[PDB]
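Engineer: Got a structure for you, questions after.
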Amino acid sequence: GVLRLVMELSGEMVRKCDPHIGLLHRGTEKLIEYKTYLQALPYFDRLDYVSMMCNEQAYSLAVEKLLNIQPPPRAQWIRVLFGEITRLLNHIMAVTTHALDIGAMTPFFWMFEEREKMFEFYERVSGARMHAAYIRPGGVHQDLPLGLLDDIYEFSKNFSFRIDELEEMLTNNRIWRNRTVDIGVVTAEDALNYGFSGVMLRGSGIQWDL
Amino acid sequence: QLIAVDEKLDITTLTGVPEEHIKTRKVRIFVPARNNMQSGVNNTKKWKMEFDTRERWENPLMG
Amino acid sequence: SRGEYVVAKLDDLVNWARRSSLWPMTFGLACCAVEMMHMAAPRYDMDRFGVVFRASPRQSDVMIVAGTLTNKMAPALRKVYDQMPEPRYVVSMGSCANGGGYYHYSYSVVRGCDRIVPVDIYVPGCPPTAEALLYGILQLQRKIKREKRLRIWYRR
Amino acid sequence: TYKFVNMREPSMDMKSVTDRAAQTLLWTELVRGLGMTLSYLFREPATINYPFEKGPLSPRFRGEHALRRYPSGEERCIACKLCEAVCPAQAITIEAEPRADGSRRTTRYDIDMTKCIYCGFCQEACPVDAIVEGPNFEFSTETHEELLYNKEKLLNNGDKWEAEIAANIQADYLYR
Amino acid sequence: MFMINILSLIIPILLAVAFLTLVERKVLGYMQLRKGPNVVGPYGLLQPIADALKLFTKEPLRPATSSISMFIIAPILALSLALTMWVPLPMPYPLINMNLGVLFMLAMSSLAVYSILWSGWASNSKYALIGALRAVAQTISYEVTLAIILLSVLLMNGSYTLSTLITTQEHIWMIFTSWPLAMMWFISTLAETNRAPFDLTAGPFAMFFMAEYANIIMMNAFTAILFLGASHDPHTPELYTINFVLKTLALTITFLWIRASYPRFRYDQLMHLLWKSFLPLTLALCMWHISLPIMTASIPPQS
Amino acid sequence: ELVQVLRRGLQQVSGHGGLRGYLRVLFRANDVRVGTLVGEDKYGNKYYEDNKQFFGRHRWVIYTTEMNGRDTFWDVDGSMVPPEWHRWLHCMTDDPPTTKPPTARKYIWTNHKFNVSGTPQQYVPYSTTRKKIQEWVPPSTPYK
Amino acid sequence: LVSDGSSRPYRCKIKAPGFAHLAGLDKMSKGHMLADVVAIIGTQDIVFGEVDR
Ligand SMILES: CCCCCCCCCCCCCCCCC[C@@H](O)O[C@H](CO[C@H](O)CCCCCCCCCCCCCCC)COP(=O)(O)OCC[N+](C)(C)C
Ligand SMILES: CCCCCCCC/C=C\CCCCCCCC(=O)O[C@H](COC(=O)CCCCCCC/C=C/CCCCCCCC)COP(=O)(O)OCCN
Ligand code: SF4
Ligand code: SF4
Ligand code: SF4
């Protein structure tokens, strides 16, 4: 997004780095207190706006736990399926934008086509392309359309090729490796103490997955 | 390790409230009256602090 | 006479040249930037209209404010706006940039980017689909086509 | 279960060393990337010809708001103020009073489209299908003032888009 | 009618540079599963005209504090050098026939960095000065390798005359005699013009862009003449002109391809790449090509 | 082969009513494809389809040259499509309004209107409610 | 999430991984070139909507 970075540099090397945040702080947590739970649900779509249904799922899980209820099995299956689709969206986002910042910029388009297809899936299930607000504490809001599963299967049976095409460009490239190898190394103890989670842990060898 | 100072607490200069929103306002502490449209008493358990009513006007556009 | 005809044709030519190549700088503040780049995706292809992808602020023609404008951010947007060369056009995308949107009653949110910079086109949506933002860009092009600068100079 | 992504040991035979050296000296992987890009050049682009071609949508799409009415012509809105109470962005303002015939009707129904988040809670909280989120999305505006709809604008939108709204509702009402 | 020839050389180069932006956009788009401009004009053919008119109609932002002298001198020098490079080249007959054409073009390439240095100094900003210093250092470092490789290749020609390259490659292209020098020459031309993967950096800006793209086209033409020699029939130079133009177009499209296909190098990596991989191999191949004509008794005639 | 694609190009030229129509469609829509005519609009729009194209490009519309009051030879926008063809064209249904027209209502607009922003027909917001507090009116007769 | 028994949440604190990762950015960029900070930020997968909230 938008980031302010103040650094002290001695020559080319970076001696000190200090990021200033708050340019995107809208005070959401205080706004939530004035809304009911259903009214506070759409904020989590905006929180991490690359992985929306995942935040929806987290909020829904928290609320039901306090309530002492549980969704029906089909709701859980739809939740997990769309969470995996959202993970595909977010990983495409991260890899392609990282390559664009490095300077590749072609896989950005190649994979944003698939991102548009997944946005069509989102819109078909909920009517909104990204800010879906589909997952609720009780369960999924409206149920799947009749032809959705077949289209998901059709999309998902050619995506490996897309990843494979992307792989050819960056996995074996020497410029990409020289740009990424031995950069930003963090030890397992430092990653655990500094509060890291997700890939930032698993890249250092820590076997942890929620 | 302990000051043991004796003075009434005053955090007025730390809250950031404007000067004219401190000595001009008049807060009210009360137990809200039961809504006569209902017979339930669950809303009259706690104490409420609220500020005085100020001016509200009509927007020239959209009213 | 021929005096008005010549300025008419020249004004048409310059308006066509200006609206046929719009170079935008995009303020990707929030989630509306995702739809912004989805408009540059192969499906919609902003570039085929002459609208380049991520032009520099110094040679940019139109500013696209895509996301929430906070109080900590507004002076930066104004400062970037001033640097831009004229003729400069501003496009407000999304409810957050339009009027505060979901965070309208917030201490740290500017209640609309029109408090800071003048805005030519307002794109509604949370977020506006890439097709909607494409329609907004084309509407801005038509608005540029509608302007008549050489006539006003002739009649003044 | 877990996998190792970078736990390979390069072969240290003479042939493998020579193959890696040939890759370094002759840029074989760079040539492979060039070939992949060339292959991607010679396939059909996915660009559509807007505005002569439109992107696919669904009956569930949320766009411009509209106020509907019964086949007789009477407005469906009964001033229940459920949409206003459920609106997360506080974008709906409602004022109501008895009509000249005693019916329960609104005198003011305002939606600030620069505050709306297009979540659709308003149309799903309405018990009479009065307010709907229509299918129109190409309603960009040159000024902030025209994005503040009142009752007349929403009723005009409903009368303008009734055909498509009725078709979409007929398609999708069995999922609700 | 010398002035007629001068204009008929200068103007078409400018027109080709004008249409190269459209061709580059179209090719990058069709590489990225999309299209280039097809609205402004029947097929985007009017797009460069729209860009030129818009740039010549936009307001100029004079810094109001900079030294106007170098500010106006730099684009003049850049465009003049970019246009001056073309005269030495034979297509198949040069406009100006010179004995040391290659040395003349090397000298112009050497002078080219003055525009960068003056634009950096006259901008009245520290960051722009830093960027200018980086660009100048990269340019001179790579021009060293350009010069050495050019001498090594010309050792098989017998003289510095650009026309003799037509006679040397009468039966076989120079690409087959020394391809490693050709690959390093291509990479050095990529790094000279600040083209990806080395692109680390209204009116005057348009002139600078014109000079840059004209230099790119000229470099591609020089490479085509140097390594891919076409057969010239004195009774029909049209065929040689056709072949040379086609090869120049192929090399320019290859530049656009490489821009669309690869990431960008880090500044230290581009510097280390050159100074630790190109220079040693370039020196070794220069020694090899010095020894070769004596070893095989195949010394070129002219002296 | 190449002769086949040249033949298809010539068929594309011929199916547009000759060279004049070919140039007209090329300069108006930036496309010279020929497809089956699906329907004609009340305002003059023509709707074509071609199921052999990939999804998204299999349905398209040639806009009319004169809508309600303005010349739309060059100025065309997506807001010029009526609602029924809006549903057909956006792939919200597989049935054109020709085979199954929408239900008829007396209040439904008989004349579609495009986006009128930046035009004397633009929408101006205003309050729709009466005055709340009525002021006292002094008498017209003197007191002394 | 802290609930007081009403229909509105008493408190809702949001823990985003981007917060901790951007906090560790300072450590992870020690002794690296200026151009590597972009790579580090990209590999951290930072979206500022969740960082700032
Ligand atoms: C050699 C001397 C050069 C001197 C400087 C002159 C620069 C070069 C001269 C060439 C000028 C090019 C003009 C051609 C522009 C016509 C573009 C035409 O195709 O557009 C249409 C025509 O638009 C306008 O009606 C045309 C106005 C253009 C000006 C008319 C002729 C002016 C020439 C006068 C030159 C005299 C110069 C004197 C001062 C030096 C409308 O299309 P548009 O709306 O865009 O896009 C809609 C896209 N759709 C169709 C897919 C929906
Ligand atoms: C008995 C007779 C012998 C005669 C000689 C024969 C022996 C010659 C054998 C070797 C010669 C070939 C070597 C030529 C130059 C190679 C230099 C090199 O290897 O550089 C690479 C790097 O090279 C590059 O990456 C440059 C490419 C950068 C991107 C540009 C795209 C290039 C690919 C497009 C194809 C180019 C086509 C050129 C043809 C030109 C036609 C005119 C080293 O990089 P690293 O792997 O990181 O190792 C150093 C760190 N430890
Ligand atoms: S305008 Fe809407 S979609 Fe865009 S960031 Fe704000 S809430 Fe999200
Ligand atoms: S869509 Fe949501 S935010 Fe918009 S008016 Fe309806 S309830 Fe309110
Ligand atoms: S639109 Fe529907 S929910 Fe809103 S006040 Fe009218 S009847 Fe009630």
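Engineer: Within the range A:188-204, list the residues whose amide N lies under 18 Å from a label point set 7 Å along Cα→Cβ of D:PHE4.
Structural biologist: Of the residues in the range A:188-204, A:188, A:202-204 have backbone N under 18 Å from the label point off D:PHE4.
Engineer: Moving to a separate point now. Taking the simple approach of a point 7 Å from Cα along Cα-to-Cβ for both E:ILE72 and A:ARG4, what is their distance in nm?
Structural biologist: So the label points at E:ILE72 and A:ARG4 sit 4.1 nm apart.
Engineer: Using a Förster distance of 35 Å, how high is the FRET efficiency between D:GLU97 and C:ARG115, based on the Cβ-Cβ distance and rounded to 0.05?
Structural biologist: Once the sixth-power term is evaluated, E becomes 0.50.
Engineer: On to the next question. Say the dipole of the range C:2-155 comes from +1 at the beta carbon of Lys and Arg and -1 at that of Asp and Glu; which of C:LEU22, C:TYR107, C:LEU69 then lies farthest toward its positive end?
Structural biologist: So the residue furthest toward the plus end is C:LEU22.
Engineer: Set the Förster distance to 56 Å, then compute FRET efficiency between D:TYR173 and E:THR167 from the Cβ-Cβ distance, nearest 0.05.
Structural biologist: Using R0 = 56 Å, I get an efficiency of 0.10.
Engineer: Karplus couplings for the range A:176-188 from phi (6.51 cos²θ - 1.76 cosθ + 1.60, θ = phi - 60°), rounded to Hz, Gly and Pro as x?
Structural biologist: Result, ordered by residue: 4, 5, 4, 6, 10, 6, 6, 10, x, 6, 10, 6, 5 Hz.
Engineer: Now for a different question. Please label the shape of the range C:23-156 as rounded, prolate or oblate, based on the square roots a ≥ b ≥ c of the eigenvalues of the alpha-carbon gyration tensor (a/c under 1.5 means rounded; beyond that, a/b larger than b/c means prolate, else oblate).
Structural biologist: Since a/c reaches 1.5 but b/c is at least a/b, the shape of the range C:23-156 is classed as oblate.
Engineer: Another question, then. Compute the Cα gyration tensor for the range A:1-128, then decide on rounded, prolate or oblate, letting a ≥ b ≥ c be the square roots of its eigenvalues: rounded whenever a/c is under 1.5, prolate when a/b is larger than b/c in the other cases, and oblate in all that remain.
Structural biologist: Since a/c reaches 1.5 but b/c is at least a/b, the shape of the range A:1-128 is classed as oblate.
Engineer: If contacts are Cα pairs under 8 angstrom and at least 6 residues apart, what is the relative contact order of the range D:39-106 in percent?
Structural biologist: 18
Engineer: Near C:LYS148, which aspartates and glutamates are there with a Cα under 13 Å away, not counting those fewer than 8 places off in the same chain?
Structural biologist: Result set, ordered by chain and number: C:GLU4, C:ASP11, C:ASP12.
Engineer: Which of rounded, prolate, oblate describes chain D, given a ≥ b ≥ c as roots of the alpha-carbon gyration tensor eigenvalues and a/c under 1.5 marking rounded, otherwise prolate only if a/b is larger than b/c?
Structural biologist: The shape class here is prolate.
Engineer: How many nm separate the modelled label positions at G:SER7 and D:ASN156, each set 7 Å beyond the Cα in the direction of the Cβ?
Structural biologist: 3.6
Engineer: While we're looking at this one, here's another question. When the Kirkwood radius is taken over all Cα pairs of the range F:60-144, what Stokes-Einstein diffusion coefficient follows at 4 °C and 1.567 mPa s, in µm²/s?
Structural biologist: 73
Engineer: Can you give the relative contact order of chain A as a percent, counting alpha carbon pairs under 8 Å and 6+ residues apart?
Structural biologist: Dividing the mean separation by the residue count of chain A yields 15 percent.
Engineer: Counting only C-alpha contacts under 8 Å and six or more residues apart, can you give the relative contact order of chain G as a whole percent?
Structural biologist: Here the relative contact order equals 37 percent.
Engineer: What percent antiparallel are the DSSP beta bridges of the protein assembly as shown, to the nearest 5?
Structural biologist: Rounded to the nearest five, the antiparallel share is 75 percent.
Engineer: Oh, and also: For the range C:2-155, what is the charge dipole size about the Cα centre, in debye to the nearest 20, if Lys and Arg each add +1 at the Cβ and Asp and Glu each add -1 at the Cβ?
Structural biologist: In total the dipole reaches around 460 debye.
Engineer: Now, a different point. In whole Hz, what ³J(HN,Hα) sequence does the range D:121-132 give by Karplus (6.51, -1.76, 1.60; θ = phi - 60°), x for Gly and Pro?
Structural biologist: Couplings: 5, 5, 6, 8, 8, 6, x, 10, 6, 7, 7, 10 Hz.
Engineer: Would you count, across the range D:26-176, every pair of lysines whose alpha carbons are under 18 angstrom apart, provided the pair is eight or more residues apart or spans two chains?
Structural biologist: 5
Engineer: With r as the distance between the Cβ atoms of C:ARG2 and E:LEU155 and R0 = 60 Å, compute the FRET efficiency 1/(1 + (r/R0)^6) and round to 0.05.
Structural biologist: Using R0 = 60 Å, I get an efficiency of 0.35.
Engineer: Here is a follow-up. I want to check the label-to-label distance for E:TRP179 and A:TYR194. Put each point 7 Å from Cα in the C-beta direction and report it in nm to one decimal.
Structural biologist: 4.6
Engineer: Please compute the Kirkwood hydrodynamic radius over chain E, one decimal place, Å, based on all pairs of different Cα atoms.
Structural biologist: 20.9
Engineer: Let me ask something additional. Based on DSSP, what percent of beta bridges with both residues in the range A:1-147 are antiparallel, to the nearest 5?
Structural biologist: Roughly 100 percent of the beta bridges in the range A:1-147 run antiparallel, per DSSP.
Engineer: Something else: Counting only DSSP beta bridges with both residues in the range C:2-155, tell me the antiparallel percent, nearest 5.
Structural biologist: The antiparallel proportion sits near 5 percent.
Engineer: Checking a compactness column here: for the protein assembly as shown, what do you get for Rg(Cα) / (2.2 N^0.38 Å), N being the number of residues?
Structural biologist: Dividing the Cα radius of gyration by 2.2 N^0.38 Å gives 1.07.
Engineer: Can you tell me which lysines have their Cα less than 19 Å from the Cα of C:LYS143? Leave out same-chain residues fewer than eight positions away.
Structural biologist: Filter leaves C:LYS9, E:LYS54, E:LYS58, F:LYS113.
Coordinate-derived values only; no laboratory data. With ideal geometry, Cβ positions are generated from the backbone for all residues, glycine too; neighbour counts draw on all protein chains shown.
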